[PDB]
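Input: a single structure, listed below in structure tokens.
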Amino acid sequence: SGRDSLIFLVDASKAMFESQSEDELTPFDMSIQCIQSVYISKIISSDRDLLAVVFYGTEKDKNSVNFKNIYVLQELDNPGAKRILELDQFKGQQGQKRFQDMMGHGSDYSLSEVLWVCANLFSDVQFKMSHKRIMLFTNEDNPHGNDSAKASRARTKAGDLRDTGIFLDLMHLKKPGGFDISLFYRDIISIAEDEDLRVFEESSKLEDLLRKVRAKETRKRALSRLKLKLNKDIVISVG
Amino acid sequence: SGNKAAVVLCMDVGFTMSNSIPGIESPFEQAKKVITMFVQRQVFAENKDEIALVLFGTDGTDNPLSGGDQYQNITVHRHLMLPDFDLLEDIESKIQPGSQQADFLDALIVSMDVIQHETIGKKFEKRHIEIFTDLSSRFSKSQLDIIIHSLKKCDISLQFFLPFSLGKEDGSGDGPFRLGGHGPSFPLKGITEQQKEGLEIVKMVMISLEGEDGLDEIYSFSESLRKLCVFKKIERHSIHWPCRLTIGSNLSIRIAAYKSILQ
DNA sequence: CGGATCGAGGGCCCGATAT
DNA sequence: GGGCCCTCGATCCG
DNA sequence: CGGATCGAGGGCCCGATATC
DNA sequence: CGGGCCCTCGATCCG
DNA sequence: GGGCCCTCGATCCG
């Protein structure tokens with residue numbers, strides 16, 4: 001048995017605050033509401049999952065090793081009423097204003113450093129982490145397309161995370177002209193070792209984001225492991 | 001239309017580099033003099049080449065690999081970019097000797113990470129690392145096999161610079177010492193069993209990369225100052241032009257000649 | 001109420017070309 | 001600059 | 001005591017050159 | 001847009 | 001009295 005660790009990484013770039021000329025919430029608004037919904041569901045269900053909320057691309061930086069433009073809003077800890085109340089301050093069009101006022105936005109970031117802080121966040125947990133998972137909410141299909149060094153360093157640190165046992169799942173948000181995995185996110189995200197590649201589409205509605213997030217939310221938990229005996233000699237094992 | 005190359009100078013700044021032998025300038029000042037000579041040529045001739053500077057054994061840690069408690073006494077003073085006057089001023093006086101000691105192979109790995117990440121796209125034609133150390137610091141042989149593999153796969157050449165010169169293979173390698181002079185340019189007995197062990201590892205690595213003649217790429221700071229070996233790996237082909245050697249009639253050897261010697 | 005046709009788009013070779 | 005090719009638009013009949 | 005000479009300037013052809 | 005060439009000046013000494 | 005329903009408590013596996 002063990003407690004699962006889940007870290008929510010949210011992009012705070014200029015593109016995230018644009019409601020792509022539609023009635024849908026801005027990708028940032030979609031993310032904040034999705035995170036809140038997960039927190040409440042985690043409280044309702046009886047599951048020892050530890051959650052965290054980290055932002056990148058903000059002017060104000062608050063983190064363990066003082067990396068520029070990385071704000072760790074919530075450390076890895078159990079979900080609480082006070083935590084959901086803190087996220088509610090960013091929910092909505094009025095909440096976006098509250099976010100821009102508390103911390104900046106659209107600042108130059110470095111994805112390599114972002115994953116370093118996140119990995120360092122799992123480092124500081126004492127109880128056995130059964131599953132380590134990072135969910136990146138972003139609408140930038142090719143970040144650091146201009147900066148070659150930041151892009152390669154990020155690819156390297158993503159590899160270091162996968163070799164550690166940390167799962168990297170993409171929550172790509174509405175982007176003008178579609179979201180391309182081939183530009184970025186194709187190799188960084190952790191794919192199933194037994195292929196199963198190219199599995200999800202870009203999220204446009206909150207209901208869709210919530211359904212993808214909650215699908216990879218909790219690791220399959222088998223109620224029982226039994227023997228399926230076809231015949232006295234032919235016996236397969238099923239969960 | 002020109003020969004570009006990514007050069008990373010990996011300088012040992014450990015306390016032991018500040019340890020000085022009577023009459024002889026401390027290996028820290030010696031390495032500093034060699035680095036300044038190199039950067040000066042690249043700066044004033046205005047050659048299009050980017051230079052990075054990594055220092056190992058510094059008191060602090062500013063390195064991308066510092067995560068994990070690893071490489072905590074290696075500082076990337078200059079990232080891969082075209083050298084400028086600010087860099088020369090920093091080398092001349094801003095950079096001061098540190099109190100810690102680092103693993104020279106660990107520093108080599110930091111330099112390799114700089115080349116691997118800042119060289120993306122065929123922007124640079126040649127890749128080169130120049131290590132400046134005394135080998136007095138202890139080190140670990142753990143990833144040497146990987147270091148050699150990554151150097152080959154990335155096509156990066158190496159060059160070592162020590163306070164002492166390679167003793168003659170058999171016999172021969174102590175009075176006055178003059179930096180840059182011919183002959184007595186290193187204490188014959190100053191080598192420490194720790195330096196000897198480091199040297200044997202240096203030898204093996206150079207041979208593994210460039211074969212038997214790789215050992216010729218290990219210089220002493222003194223001799224390095226009175227040679228152009230520091231540019232050897234970034235040295236530009238002499239400009240050649242084609243012609244025909246015409247013997248008579250009907251015989252015409254197609255040739256291509258270049259200026260062997262030119263002031 | 002489709003064909004046939006005709007502008008005006010698009011992308012590779014090649015003598016003058018500042019380099 | 002020359003040949004090439006494709007895609008629409010404008011012109012008429014079934 | 002002006003020539004002779006040699007460093008370090010200046011000006012014309014010619015393969016790569018973005019150009020129709 | 002460069003590379004080799006060659007000449008013209010300018011500064012230094014000897015006849 | 002009979003069916004219904006909900007809330008704990010005691011029993012075992014992951």
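Chains: A, B, ... in order of the structure tokens. Residues: from 1 per chain. Ligands: from 1, in order shown.
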
Looking only at strand (DSSP E or B) from DSSP on the backbone, list the matching residues of chain A as an mmCIF file with N, CA, C and O atoms, in the first residue's frame.
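As written to disk, states_30.cif reads:
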data_model
loop_
_atom_site.group_PDB
_atom_site.id
_atom_site.type_symbol
_atom_site.label_atom_id
_atom_site.label_comp_id
_atom_site.auth_asym_id
_atom_site.auth_seq_id
_atom_site.Cartn_x
_atom_site.Cartn_y
_atom_site.Cartn_z
ATOM 1 N N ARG A 3 0.657 6.006 -0.443
ATOM 2 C CA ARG A 3 0.005 7.255 -0.812
ATOM 3 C C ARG A 3 0.469 7.720 -2.194
ATOM 4 O O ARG A 3 1.673 7.675 -2.493
ATOM 5 N N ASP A 4 -0.484 8.134 -3.044
ATOM 6 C CA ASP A 4 -0.134 8.591 -4.375
ATOM 7 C C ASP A 4 0.136 10.094 -4.387
ATOM 8 O O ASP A 4 -0.582 10.867 -3.735
ATOM 9 N N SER A 5 1.156 10.512 -5.155
ATOM 10 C CA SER A 5 1.518 11.922 -5.261
ATOM 11 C C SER A 5 1.069 12.444 -6.628
ATOM 12 O O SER A 5 1.383 11.837 -7.661
ATOM 13 N N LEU A 6 0.361 13.571 -6.653
ATOM 14 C CA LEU A 6 -0.105 14.178 -7.904
ATOM 15 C C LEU A 6 0.219 15.671 -7.888
ATOM 16 O O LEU A 6 -0.186 16.373 -6.962
ATOM 17 N N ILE A 7 0.939 16.162 -8.897
ATOM 18 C CA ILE A 7 1.321 17.580 -8.968
ATOM 19 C C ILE A 7 0.669 18.202 -10.194
ATOM 20 O O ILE A 7 0.833 17.697 -11.314
ATOM 21 N N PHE A 8 -0.076 19.288 -9.982
ATOM 22 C CA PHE A 8 -0.737 20.027 -11.057
ATOM 23 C C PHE A 8 0.125 21.214 -11.487
ATOM 24 O O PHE A 8 0.300 22.171 -10.723
ATOM 25 N N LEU A 9 0.668 21.149 -12.701
ATOM 26 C CA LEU A 9 1.517 22.195 -13.266
ATOM 27 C C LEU A 9 0.710 23.031 -14.261
ATOM 28 O O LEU A 9 0.230 22.503 -15.269
ATOM 29 N N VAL A 10 0.561 24.331 -13.983
ATOM 30 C CA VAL A 10 -0.252 25.221 -14.809
ATOM 31 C C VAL A 10 0.596 26.330 -15.430
ATOM 32 O O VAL A 10 1.332 27.034 -14.729
ATOM 33 N N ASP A 11 0.478 26.468 -16.752
ATOM 34 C CA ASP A 11 1.132 27.517 -17.529
ATOM 35 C C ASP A 11 0.465 28.867 -17.271
ATOM 36 O O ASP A 11 -0.765 28.963 -17.245
ATOM 37 N N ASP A 49 -4.434 10.522 -1.495
ATOM 38 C CA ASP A 49 -3.621 11.047 -2.558
ATOM 39 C C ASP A 49 -3.221 12.429 -2.106
ATOM 40 O O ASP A 49 -4.080 13.244 -1.667
ATOM 41 N N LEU A 50 -1.939 12.706 -2.327
ATOM 42 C CA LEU A 50 -1.375 14.008 -1.956
ATOM 43 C C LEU A 50 -1.314 14.876 -3.221
ATOM 44 O O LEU A 50 -0.777 14.465 -4.274
ATOM 45 N N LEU A 51 -1.805 16.084 -3.105
ATOM 46 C CA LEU A 51 -1.859 16.962 -4.253
ATOM 47 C C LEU A 51 -1.003 18.207 -4.067
ATOM 48 O O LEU A 51 -0.684 18.617 -2.943
ATOM 49 N N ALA A 52 -0.629 18.785 -5.205
ATOM 50 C CA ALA A 52 0.168 19.998 -5.240
ATOM 51 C C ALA A 52 -0.195 20.805 -6.483
ATOM 52 O O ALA A 52 -0.599 20.252 -7.511
ATOM 53 N N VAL A 53 -0.063 22.128 -6.366
ATOM 54 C CA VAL A 53 -0.363 23.080 -7.441
ATOM 55 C C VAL A 53 0.841 23.999 -7.654
ATOM 56 O O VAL A 53 1.201 24.778 -6.760
ATOM 57 N N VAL A 54 1.479 23.894 -8.821
ATOM 58 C CA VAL A 54 2.660 24.679 -9.174
ATOM 59 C C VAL A 54 2.385 25.459 -10.456
ATOM 60 O O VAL A 54 1.835 24.913 -11.419
ATOM 61 N N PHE A 55 2.768 26.737 -10.465
ATOM 62 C CA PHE A 55 2.612 27.624 -11.608
ATOM 63 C C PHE A 55 3.988 28.009 -12.143
ATOM 64 O O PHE A 55 4.955 28.140 -11.384
ATOM 65 N N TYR A 56 4.058 28.234 -13.456
ATOM 66 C CA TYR A 56 5.291 28.663 -14.103
ATOM 67 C C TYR A 56 5.006 29.782 -15.099
ATOM 68 O O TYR A 56 3.912 29.877 -15.662
ATOM 69 N N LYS A 62 8.276 31.775 -5.981
ATOM 70 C CA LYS A 62 8.314 31.272 -4.607
ATOM 71 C C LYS A 62 8.603 29.771 -4.648
ATOM 72 O O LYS A 62 7.677 28.988 -4.866
ATOM 73 N N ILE A 70 8.978 30.565 -10.945
ATOM 74 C CA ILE A 70 8.294 29.333 -10.532
ATOM 75 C C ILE A 70 7.617 29.562 -9.181
ATOM 76 O O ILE A 70 8.300 29.758 -8.169
ATOM 77 N N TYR A 71 6.277 29.538 -9.160
ATOM 78 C CA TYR A 71 5.492 29.739 -7.939
ATOM 79 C C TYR A 71 4.789 28.453 -7.507
ATOM 80 O O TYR A 71 3.826 28.022 -8.147
ATOM 81 N N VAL A 72 5.259 27.845 -6.419
ATOM 82 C CA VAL A 72 4.640 26.642 -5.863
ATOM 83 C C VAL A 72 3.538 27.103 -4.910
ATOM 84 O O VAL A 72 3.787 27.449 -3.752
ATOM 85 N N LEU A 73 2.301 27.149 -5.415
ATOM 86 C CA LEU A 73 1.187 27.615 -4.594
ATOM 87 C C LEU A 73 0.931 26.660 -3.436
ATOM 88 O O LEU A 73 0.795 27.087 -2.283
ATOM 89 N N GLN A 74 0.862 25.364 -3.722
ATOM 90 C CA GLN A 74 0.602 24.343 -2.718
ATOM 91 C C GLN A 74 1.596 23.200 -2.827
ATOM 92 O O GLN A 74 1.811 22.647 -3.911
ATOM 93 N N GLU A 75 2.204 22.869 -1.693
ATOM 94 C CA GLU A 75 3.139 21.769 -1.582
ATOM 95 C C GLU A 75 2.361 20.457 -1.652
ATOM 96 O O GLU A 75 1.127 20.438 -1.637
ATOM 97 N N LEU A 76 3.084 19.342 -1.731
ATOM 98 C CA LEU A 76 2.409 18.050 -1.793
ATOM 99 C C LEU A 76 1.799 17.754 -0.432
ATOM 100 O O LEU A 76 2.517 17.518 0.545
ATOM 101 N N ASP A 77 0.468 17.765 -0.367
ATOM 102 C CA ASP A 77 -0.225 17.501 0.883
ATOM 103 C C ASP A 77 -1.658 17.097 0.570
ATOM 104 O O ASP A 77 -2.149 17.292 -0.546
ATOM 105 N N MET A 129 5.657 6.828 -1.785
ATOM 106 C CA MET A 129 4.907 7.286 -2.952
ATOM 107 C C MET A 129 4.654 6.108 -3.884
ATOM 108 O O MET A 129 5.580 5.622 -4.543
ATOM 109 N N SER A 130 3.403 5.645 -3.946
ATOM 110 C CA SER A 130 3.086 4.546 -4.852
ATOM 111 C C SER A 130 3.158 4.989 -6.309
ATOM 112 O O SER A 130 3.698 4.265 -7.154
ATOM 113 N N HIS A 131 2.628 6.171 -6.625
ATOM 114 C CA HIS A 131 2.646 6.691 -7.985
ATOM 115 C C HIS A 131 3.038 8.157 -7.974
ATOM 116 O O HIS A 131 2.485 8.940 -7.193
ATOM 117 N N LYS A 132 3.984 8.534 -8.830
ATOM 118 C CA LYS A 132 4.410 9.922 -8.944
ATOM 119 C C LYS A 132 3.905 10.410 -10.297
ATOM 120 O O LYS A 132 4.247 9.826 -11.332
ATOM 121 N N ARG A 133 3.100 11.472 -10.295
ATOM 122 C CA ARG A 133 2.511 11.970 -11.535
ATOM 123 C C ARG A 133 2.408 13.490 -11.599
ATOM 124 O O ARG A 133 1.989 14.137 -10.634
ATOM 125 N N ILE A 134 2.801 14.044 -12.748
ATOM 126 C CA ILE A 134 2.737 15.472 -13.048
ATOM 127 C C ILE A 134 1.779 15.681 -14.217
ATOM 128 O O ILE A 134 1.918 15.034 -15.262
ATOM 129 N N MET A 135 0.800 16.572 -14.038
ATOM 130 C CA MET A 135 -0.190 16.889 -15.066
ATOM 131 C C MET A 135 0.012 18.335 -15.516
ATOM 132 O O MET A 135 -0.344 19.273 -14.797
ATOM 133 N N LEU A 136 0.575 18.504 -16.713
ATOM 134 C CA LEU A 136 0.899 19.811 -17.284
ATOM 135 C C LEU A 136 -0.276 20.401 -18.064
ATOM 136 O O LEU A 136 -0.643 19.891 -19.128
ATOM 137 N N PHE A 137 -0.862 21.479 -17.536
ATOM 138 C CA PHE A 137 -1.965 22.181 -18.186
ATOM 139 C C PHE A 137 -1.363 23.348 -18.961
ATOM 140 O O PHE A 137 -0.925 24.336 -18.363
ATOM 141 N N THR A 138 -1.343 23.240 -20.287
ATOM 142 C CA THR A 138 -0.765 24.290 -21.112
ATOM 143 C C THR A 138 -1.408 24.299 -22.490
ATOM 144 O O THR A 138 -1.919 23.281 -22.963
ATOM 145 N N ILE A 166 8.423 8.889 -12.448
ATOM 146 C CA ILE A 166 7.430 9.958 -12.490
ATOM 147 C C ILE A 166 6.686 9.928 -13.822
ATOM 148 O O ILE A 166 7.305 9.847 -14.890
ATOM 149 N N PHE A 167 5.353 9.984 -13.763
ATOM 150 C CA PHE A 167 4.516 9.978 -14.960
ATOM 151 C C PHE A 167 4.300 11.414 -15.420
ATOM 152 O O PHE A 167 4.016 12.295 -14.603
ATOM 153 N N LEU A 168 4.440 11.652 -16.725
ATOM 154 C CA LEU A 168 4.224 12.977 -17.302
ATOM 155 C C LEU A 168 3.063 12.913 -18.290
ATOM 156 O O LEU A 168 3.183 12.299 -19.355
ATOM 157 N N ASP A 169 1.944 13.542 -17.933
ATOM 158 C CA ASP A 169 0.726 13.565 -18.738
ATOM 159 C C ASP A 169 0.389 14.993 -19.156
ATOM 160 O O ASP A 169 0.380 15.904 -18.322
ATOM 161 N N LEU A 170 0.114 15.175 -20.448
ATOM 162 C CA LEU A 170 -0.208 16.475 -21.030
ATOM 163 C C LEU A 170 -1.697 16.804 -21.038
ATOM 164 O O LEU A 170 -2.529 15.965 -21.400
ATOM 165 N N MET A 171 -2.024 18.025 -20.605
ATOM 166 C CA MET A 171 -3.392 18.526 -20.619
ATOM 167 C C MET A 171 -3.446 19.726 -21.565
ATOM 168 O O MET A 171 -3.734 20.850 -21.142
ATOM 169 N N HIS A 172 -3.145 19.488 -22.844
ATOM 170 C CA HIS A 172 -3.127 20.535 -23.868
ATOM 171 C C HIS A 172 -4.484 21.219 -23.995
ATOM 172 O O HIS A 172 -5.525 20.561 -24.079
ATOM 173 N N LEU A 173 -4.460 22.545 -23.998
ATOM 174 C CA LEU A 173 -5.623 23.416 -24.030
ATOM 175 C C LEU A 173 -5.728 24.092 -25.394
ATOM 176 O O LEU A 173 -4.772 24.125 -26.174
ATOM 177 N N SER A 203 -8.262 19.554 -25.516
ATOM 178 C CA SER A 203 -9.429 19.856 -24.701
ATOM 179 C C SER A 203 -9.973 21.251 -24.990
ATOM 180 O O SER A 203 -9.225 22.232 -24.985
ATOM 181 N N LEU A 226 -7.549 -13.140 -8.980
ATOM 182 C CA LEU A 226 -7.985 -14.529 -8.932
ATOM 183 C C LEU A 226 -7.448 -15.329 -10.114
ATOM 184 O O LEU A 226 -6.908 -14.785 -11.083
ATOM 185 N N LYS A 227 -7.548 -16.650 -9.987
ATOM 186 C CA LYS A 227 -7.146 -17.584 -11.029
ATOM 187 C C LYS A 227 -8.360 -17.971 -11.871
ATOM 188 O O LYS A 227 -9.377 -18.418 -11.329
ATOM 189 N N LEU A 228 -8.248 -17.804 -13.190
ATOM 190 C CA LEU A 228 -9.271 -18.186 -14.166
ATOM 191 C C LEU A 228 -8.838 -19.523 -14.757
ATOM 192 O O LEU A 228 -7.961 -19.582 -15.628
ATOM 193 N N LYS A 229 -9.402 -20.600 -14.220
ATOM 194 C CA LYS A 229 -9.044 -21.964 -14.603
ATOM 195 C C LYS A 229 -9.883 -22.448 -15.787
ATOM 196 O O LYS A 229 -11.041 -22.840 -15.622
ATOM 197 N N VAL A 235 -4.586 -22.594 -16.637
ATOM 198 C CA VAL A 235 -5.009 -21.612 -15.639
ATOM 199 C C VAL A 235 -4.301 -20.293 -15.933
ATOM 200 O O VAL A 235 -3.067 -20.231 -15.918
ATOM 201 N N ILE A 236 -5.079 -19.241 -16.191
ATOM 202 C CA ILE A 236 -4.561 -17.890 -16.399
ATOM 203 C C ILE A 236 -4.922 -17.059 -15.171
ATOM 204 O O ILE A 236 -5.765 -17.450 -14.369
ATOM 205 N N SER A 237 -4.211 -15.954 -14.961
ATOM 206 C CA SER A 237 -4.480 -15.082 -13.818
ATOM 207 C C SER A 237 -5.173 -13.797 -14.260
ATOM 208 O O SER A 237 -4.720 -13.138 -15.204
ATOM 209 N N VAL A 238 -6.275 -13.445 -13.582
ATOM 210 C CA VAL A 238 -7.043 -12.252 -13.920
ATOM 211 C C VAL A 238 -7.256 -11.364 -12.698
ATOM 212 O O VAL A 238 -7.255 -11.823 -11.551
#

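All chain A residues having an atom within 8 Å of chain B, based on only C-alpha atoms, amount to residues 116, 148, 149, 152 and 153 of chain A.
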
Quote the spacing between atom CA of residue B:245 and atom CA of residue B:257 in Å to one decimal place.
-> 10.2 Å

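For the pair atom CA of residue A:86 and atom CA of residue A:12, the separation is 17.0 Å.
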
Neighbours of residue D:3 within 12 Å (only C-alpha atoms (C1' of nucleotides); same-chain residues fewer than 3 positions away dropped), as a PyMOL selection string?
-> chain C and resi 11-13

Just write the chosen residues, N, CA, C and O atoms (P, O5', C5', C4', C3', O3' and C1' of nucleotides), as an mmCIF file, in the first residue's frame.
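What landed in selection-v9.cif:
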data_model
loop_
_atom_site.group_PDB
_atom_site.id
_atom_site.type_symbol
_atom_site.label_atom_id
_atom_site.label_comp_id
_atom_site.auth_asym_id
_atom_site.auth_seq_id
_atom_site.Cartn_x
_atom_site.Cartn_y
_atom_site.Cartn_z
ATOM 1 P P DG C 11 4.446 28.174 -53.369
ATOM 2 O "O5'" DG C 11 5.315 27.172 -54.260
ATOM 3 C "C5'" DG C 11 5.082 25.776 -54.191
ATOM 4 C "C4'" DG C 11 5.729 25.069 -55.364
ATOM 5 C "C3'" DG C 11 7.260 25.030 -55.303
ATOM 6 O "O3'" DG C 11 7.739 23.727 -55.548
ATOM 7 C "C1'" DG C 11 6.538 25.970 -57.366
ATOM 8 P P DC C 12 9.290 23.391 -55.296
ATOM 9 O "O5'" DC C 12 9.911 23.359 -56.771
ATOM 10 C "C5'" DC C 12 11.231 22.879 -56.981
ATOM 11 C "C4'" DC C 12 11.541 22.823 -58.466
ATOM 12 C "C3'" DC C 12 13.026 22.858 -58.823
ATOM 13 O "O3'" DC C 12 13.274 21.990 -59.923
ATOM 14 C "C1'" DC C 12 11.937 24.632 -59.891
ATOM 15 P P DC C 13 14.780 21.722 -60.416
ATOM 16 O "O5'" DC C 13 14.975 22.722 -61.654
ATOM 17 C "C5'" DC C 13 16.219 22.749 -62.346
ATOM 18 C "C4'" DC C 13 16.154 23.640 -63.575
ATOM 19 C "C3'" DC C 13 17.502 24.225 -63.999
ATOM 20 O "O3'" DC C 13 17.639 24.235 -65.414
ATOM 21 C "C1'" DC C 13 15.984 25.979 -63.522
#

Find the spatial neighbours of residue C:16, counting only C-alpha atoms (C1' of nucleotides), within a cut-off of 12 Å - ignore same-chain residues fewer than 5 positions away - and output them as number ranges by chain.
-> E: 17-20

Hey, list the chain F side of the contact with chain B: 12 Å cut-off, only C-alpha atoms (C1' of nucleotides), answer as a PyMOL selection string.
-> chain F and resi 1-4

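Reported to one decimal place, the separation of atom CA of residue B:6 from atom CA of residue B:87 is 16.0 Å.
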
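Residue nearest residue A:35 within the list A:83, A:225, A:144, A:219: A:83 [criterion: smallest interatomic distance, only C-alpha atoms].
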
Got a sec to tell me which of stretch 9-162 of chain B DSSP assigns to alpha helix (DSSP H), as a PyMOL selection string?
-> chain B and resi 15-18+27-44+85-89+104-118+144-154

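In this comparison, which uses only C-alpha atoms (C1' of nucleotides), the residue of B:231, B:206, B:1, B:213 approaching chain E most closely is B:1.
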
For residue D:10, please output as an MDAnalysis selection string all residues within 10 Å (counting only C-alpha atoms (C1' of nucleotides); exclusion window: fewer than 4 positions along the same chain).
-> chainID C and resid 5:7

Store the residues picked out above in a file with N, CA, C and O atoms (P, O5', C5', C4', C3', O3' and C1' of nucleotides), as a CSV table (one decimal), in the first residue's frame.
chain,number,residue,atom,x,y,z
C,5,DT,P,-12.0,23.6,-75.1
C,5,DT,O5',-11.7,24.9,-74.3
C,5,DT,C5',-12.7,25.9,-74.4
C,5,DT,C4',-12.4,27.1,-73.6
C,5,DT,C3',-10.9,27.5,-73.6
C,5,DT,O3',-10.8,28.9,-73.6
C,5,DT,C1',-11.6,27.2,-71.4
C,6,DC,P,-9.5,29.6,-74.2
C,6,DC,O5',-9.4,31.0,-73.5
C,6,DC,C5',-10.5,31.4,-72.7
C,6,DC,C4',-10.1,32.0,-71.4
C,6,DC,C3',-8.6,32.5,-71.4
C,6,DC,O3',-8.5,33.8,-70.8
C,6,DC,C1',-8.9,31.0,-69.6
C,7,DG,P,-7.4,34.8,-71.3
C,7,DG,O5',-7.5,36.0,-70.1
C,7,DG,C5',-6.5,36.0,-69.2
C,7,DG,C4',-7.1,35.9,-67.8
C,7,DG,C3',-6.1,36.2,-66.6
C,7,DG,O3',-6.8,37.1,-65.7
C,7,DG,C1',-7.0,34.1,-66.3

Excluding residue A:34 and residues on its chain fewer than 3 positions from it, collect all residues at most 8 Å away from it, counting only C-alpha atoms (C1' of nucleotides), and give them as a PyMOL selection string.
-> chain A and resi 30-31+37-38+206+209-210
